[PDB]
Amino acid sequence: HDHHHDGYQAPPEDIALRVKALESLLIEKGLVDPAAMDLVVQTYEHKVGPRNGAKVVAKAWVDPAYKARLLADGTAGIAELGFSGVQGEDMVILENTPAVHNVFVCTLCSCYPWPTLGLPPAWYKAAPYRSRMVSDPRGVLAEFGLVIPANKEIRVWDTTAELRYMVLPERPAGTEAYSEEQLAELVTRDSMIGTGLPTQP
């Protein structure tokens, strides 16, 4: 009952040394610049993450013209809030509605919209989620505490190409007149993957 293949298993005991050896090699050969690498790490540790997507969602909730632009051209839409680039070059936004619940996965690897959600969590990239989401989405969602009504369609999107998906979750009831900022606080990472719903006030 240890973790073995769910993404959270323990790495080899010597892994840090192996990594240091490769890094030293690549630096010695002049293939990589450690100062640039530090900036990449800072970018994904501190600058890029689900708070980006949450702003996008909150704006679409309060501004129907923005929502329309966003659904017509995801990349241009998210760029309006300054989000763009690596692993979000060609974005498609998936609108949840009372009739349709969207959720995405990458069965073949780990493809995920970095500019709006940051780097994916380990579970998203691991075999349990990837194998089962396309065959038994209701069973998987139940493990996250999410039960979709039997009459509501679930659409599972497998990210097999270079389009990247993000879910525009439905605005919770009872949030009349909330500012974009208060609305954004409700928008969880799971709600933008489709594996959860926004927080209910």
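Start at 1 and count along the sequence shown; that's the residue number.
Of the two segments examined, 44-52 and 168-176, it is 168-176 that shows the higher average Cα temperature factor in the deposited entry. For the segment pair 155-163 and 58-66, the entry gives 58-66 the higher mean B-factor, averaged over Cα atoms.
Among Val86, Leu117, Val105, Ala99, the highest C-alpha B-factor recorded in the PDB entry belongs to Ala99. Per the deposited record, the Cα B-factor of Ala36 falls in the middle third when ranked against the other modelled residues of its chain. In this PDB entry, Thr188 carries a Cα temperature factor that places it within the middle third of its chain's modelled residues. Ranked by C-alpha B-factor against the other modelled residues of its chain, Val134 falls in the middle third. When all modelled residues of the chain are sorted by CA temperature factor, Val92 is found within the middle third. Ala126: CA B factor lies in the lowest third for its chain, per the PDB record.
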